[PDB]
Amino acid sequence: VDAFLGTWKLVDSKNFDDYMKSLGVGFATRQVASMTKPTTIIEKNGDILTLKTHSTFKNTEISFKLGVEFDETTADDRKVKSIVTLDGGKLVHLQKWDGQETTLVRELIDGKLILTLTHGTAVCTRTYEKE
Ligand SMILES: CCCCCCCC/C=C\CCCCCCCC(=O)O
């Protein structure tokens, strides 16, 4: 997982409104989210990964072991059961709640971190660059 480690800043986003709307996020939160450029920090300490997402709007932090389920409260206030694994060199984060699922997939492509978010028919792509 070592190539994912570091500090990353958002530089491009496509279809995030569609993804938020699919999750039921209200229009006022979508407004602010469309103008926010988060910083994501990924760190490791032995087998424990910590993923921080910082912005002027909301901040989140989770710590987990790969392949072990954990409880997570998301930035939009869903209480989900999560698991993160490495699949084909990608970091795959699966969230389940109320019979629903969403995936947050991170892959490294030409030095950039590409985050693909899928829920329902909505697919959002967010591109991060390393700081
Ligand atoms: C912590 C800041 C995340 C981005 C601004 C706040 C958005 C909150 C609205 C819906 C959350 C949807 C699920 C999390 C999206 C994370 C996107 C990302 O890491 O770039």
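A. A look at the nonpolar core. Ranked by size, the top nonpolar core spans 25 residues in total, and within it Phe16, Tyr19, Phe64, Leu117 and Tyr128 carry the most contacts. Elements with a contribution of two residues or more to this core: β1 (6-14), α1 (16-22), β3 (48-54), β4 (60-64), β6 (79-87), β7 (90-97), β9 (112-119) and β10 (122-130). With near-sequence residues (within four places) excluded, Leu117 lies in contact with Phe16, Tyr19, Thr103, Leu104, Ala122, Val123, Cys124 and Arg126.

B. Summary view of the site of the ligand. All residues adjacent to the ligand are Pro38, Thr53, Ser55, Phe57, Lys58, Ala75, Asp76, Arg78, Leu115, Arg126 and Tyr128. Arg126 is positioned such that a nitrogen or oxygen atom in its side chain is 2.8 Å from an oxygen atom of the ligand. Between the ligand and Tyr128, the relevant distance is 2.7 Å, taken from an oxygen atom to a side-chain nitrogen or oxygen of the residue. In isolation the ligand has 520 Å² of accessible area, and contact with the protein removes 95% of it. Because more than half of its atoms lie within 2 Å of the grid, the ligand is assigned to the largest pocket. The residue makeup of the shell around the ligand, split by class, is five nonpolar, two polar and four charged.

C. Local environment of the UniProt feature "binding site: hexadecanoate" in the protein chain. With numbering aligned to this structure, UniProt lists the feature "binding site: hexadecanoate" at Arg126, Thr127 and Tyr128. The annotated residues named above include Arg126 and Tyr128 as those lining the largest pocket. Structurally, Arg126 can be placed in strand β10. Not counting residues within four places of it along the chain, the set of residues in contact with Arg126 comprises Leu10, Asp12, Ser13, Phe16, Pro38, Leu113, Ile114, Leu115 and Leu117.

The rules behind each value
Residues numbered from 1 in each chain as written, not as in the entry; some residues may be left out. Heavy atoms only, no water. Core = buried A, V, L, I, M, F, W, Y, C linked by side-chain atoms within 4.5 Å. Buried < 20%, exposed > 50% of the residue type's maximum accessible area, 1.4 Å probe, protein only. Helix = DSSP H or I, 4+ residues; strand = E, 2+ residues; numbered from the N terminus. Contact = heavy atoms within 4.5 Å. Near = heavy atom within 4 Å. Polar contact = N/O pair within 3.5 Å; in protein donor to acceptor, adjacent residues only side chain to side chain. Areas by Shrake-Rupley, 256 points an atom, 1.4 Å probe, with all protein chains shown as cover. 1 Å grid on protein atoms, 1.4 Å probe; cavity = no way out; pocket = protein on both sides within 12 Å on 5 of 7 lines; lining within 4 Å. Sits in = over half its atoms within 2 Å of the grid points. Nonpolar A, V, L, I, M, F, W, Y, C, P; charged D, E, K, R; others polar. UniProt positions renumbered as here; feature names shortened; annotations may be inferred.

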